[PDB]
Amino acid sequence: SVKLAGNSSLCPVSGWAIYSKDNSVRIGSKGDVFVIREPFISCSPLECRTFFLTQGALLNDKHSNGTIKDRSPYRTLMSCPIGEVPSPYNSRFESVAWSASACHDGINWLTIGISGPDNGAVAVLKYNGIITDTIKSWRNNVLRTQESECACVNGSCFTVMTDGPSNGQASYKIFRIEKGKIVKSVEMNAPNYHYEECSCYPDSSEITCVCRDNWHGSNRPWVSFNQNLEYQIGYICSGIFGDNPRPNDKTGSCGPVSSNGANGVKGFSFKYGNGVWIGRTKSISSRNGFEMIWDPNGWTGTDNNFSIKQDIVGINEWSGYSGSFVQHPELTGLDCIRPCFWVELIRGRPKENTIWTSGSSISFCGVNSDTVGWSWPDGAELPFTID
């Protein structure tokens, strides 16, 4: 085993090739599939895994009742191989958690699982399944983290956590973790910014995170930093607005776009100089559809012009959260860090007339070979028997 270097650049990509689809909700109509939300993908040097927050319940069973609820003592972070349904019969137990992150440094898995009360939650860090550190809420108001993979460079892994209001100014911290132990942290000085649910990836030995402003931004905030946690902050400038909800596309801002700014959805983007690959919902108002857009000046420029759009999920179909994941050269044999992404396809409450909420997933990897747009939706027929 060798630590992931993390020192190559992100691979340039022209489009997105489909990588996985689990069909979890369709399969759970009969099979024994966990009720889950907040899935994400992360890879080791040998395999990729889907992590997810269970609700300690199975689909089509009465204990799925009320699973719109975000935080409970029953939620657990578990993982299974990519593309398989999350069952009790194929899932590794990771941590007790209602908010999470995970990443592999080339040697072992780091998992971060937050549980406990809203006023005093505690993140439990594990390295190779052994508890190695904890960090407690510093603002006493729902300590919470990425819901996607952390990022690793040369034996150090990095994450972001938030504590404070989800509808006003909060507090945001960056962490450097080695072998599951926090070795450095800093509080971001980000007045008038809001960071939730960061999608962070490594690129040329530095970390870039694209997040969710739940307070007053319909474009996405970003934070980038080096191994010593020297950081920069901004908002994606493109008028191709990335959040949901959002306005119709128009001239953007390099600060928070107030129009339709409150609320949000976890997402991601990939920076390539001045340009950006944006994944977003197709609907401006609801978690419906998904598309990939290449805007060659959208990181730093405010116009609403773009060059390429690739369809992923059709506008009338359910989508949900999305997040980055990477494939390092140690896994692929390539000379660059490959960007990939996943989409959560949320079924049930609040939009559908069920007792439960759960998701399935799809994922894609960036290539420079030919690709095509389509719709790969969840495909379950609701309601279910239990509803």
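The numbering used is simple: start at 1 and walk along the sequence shown.
Higher mean CA temperature factor between 36 to 44 and 349 to 357: 349 to 357, per the PDB entry. Just going by the entry, 9 to 17 versus 360 to 368 on mean CA temperature factor gives the higher value to 9 to 17. Within the listed group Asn297, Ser115, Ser79, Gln146, the record reports its top CA B-factor for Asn297.
For the set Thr132, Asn260, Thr281, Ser101, the maximum C-alpha B-factor listed in the entry falls on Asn260. When all modelled residues of the chain are sorted by CA temperature factor, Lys69 is found within the highest third.
Compared with the other modelled residues of the chain, the Cα B-factor recorded for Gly31 ranks in the middle third. Sort the chain's modelled residues by C-alpha temperature factor and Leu53 lands in the lowest third, per the entry. When the CA B factors of the chain's modelled residues are split into thirds, the value for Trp138 lands in the middle one. For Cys200, the recorded CA B-factor ranks within the middle third of the chain. Only modelled residues enter the ranking.
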